[PDB]
């Protein structure tokens, strides 16, 4: 539909991208399934909800730069206003770095609330909600919030939780060797990305009364601008905390989003600069979607599969599934945002949901794919969009998974 540029002009919060605080779709409506079809299985992967920045230094470094300017008298009034905001953001996050916020828990309560409202026939008494997480507290506290909410919504669900190293091979897959096969020269690529997207000259004059250099700051202007942009976005993780929007023009807001958007496209998407197939990393997660759907479709019980993790794995999974046009390959720095937009893929509480439908007396299973609760296309033909035939989707995904070979990494192997 709209350009990413127009979307971000209409809603500046979307430029936070990976830090965008999840919002339910404006429309509460759900596409009607073909006659006789009812939902019976839901399979999901959900990123943790809104969180603070992951390292104390992501607060401490830019704050100390501005406090020093203040102390030595070259911080402007806008600079002082910015410093005051960042001090409040840091105080909020103090000794809670990387951790889920109260707003982040509410996002996951809302996510399963809307699941329950939309597909009540899935969440019948005795149905086994199988929820799993990574070891990271932000991921499993998102699971914990969601599971307590489902238990409040229906006392009869059988809800189990785990956060086990035994599942890491698909719920938090990692292969540094594969990354190093493609990203060894990422330093060079990012220097080019910085010069294409990050334009710090105007902001430096807004922040400081006299001209400053990379050497007096302790960080380059490009780094300082990125750090201030990250703080502006992370303000969304808190209730009633203002950001730093007054530090960024609309074009700079768009460009700083583009800079992190490119990073995801490069490290985890279809960039030709990383040889187009970085999203092959999620073969195992894709296979776990296939196998657990196979089990639920053949099961005499009722099932729901919930997985809680990280955008590190969510972003490539959406591309590997073939959603929309995520697999489009381009090196045009400005064209990426056409088909690949992080706020539509990996916001806080970002999530993929597959809704499986069944009709009595018919072995023709249908599946509705949702990316952040919006219908998506899959690279197979269908006669009942937004619905797909599971037989066609399964064949395509299994063929994709079968074609991916991943290298030994440490003691881990295919």
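Positions refer to the first chain, counted from 1.
Next on the checklist: If you average the CA temperature factors as listed in the entry, which stretch comes out higher, 142-150 or 77-85?
Outcome noted: Per the PDB record, 77-85.
Checklist entry - Should the higher mean CA B-factor in the entry be assigned to 102-110 or to 298-306? => result Mean CA B-factor is higher for 298-306.
Checklist entry - Considering only 359, 48, 368, 58, which residue's Cα atom bears the greatest B-factor as recorded? => result Answer for 359, 48, 368, 58: 359, with the highest C-alpha B-factor.
Checklist entry - For the listed residues 180, 313, 220, 260, which one has the largest C-alpha B-factor as given in the deposited model? => result Max CA B-factor in the entry, restricted to 180, 313, 220, 260: 220.
Checklist entry - By the record's CA B-factor, is residue 391 among the lowest, middle or highest third of residues in the chain? => result Its C-alpha B-factor, which the entry lists for residue 391, ranks in the highest third among residues of this chain.
Item to check | Relative C-alpha B-factor of residue 52, binned into the chain's lowest, middle or highest third | outcome: As the PDB entry reports it, the C-alpha B-factor of residue 52 lands in the lowest third of its chain.
Next on the checklist: Could you place residue 283 in the lowest, middle or highest third of its chain by Cα temperature factor, using the values in the record?
Outcome noted: It falls in the bottom third of the chain.
Checklist entry - By the record's CA B-factor, is residue 94 among the lowest, middle or highest third of residues in the chain? => result Its C-alpha B-factor, which the entry lists for residue 94, ranks in the middle third among residues of this chain.
Checklist entry - Lowest, middle or highest third: where is residue 226 by Cα B-factor in its chain? => result Lowest third.
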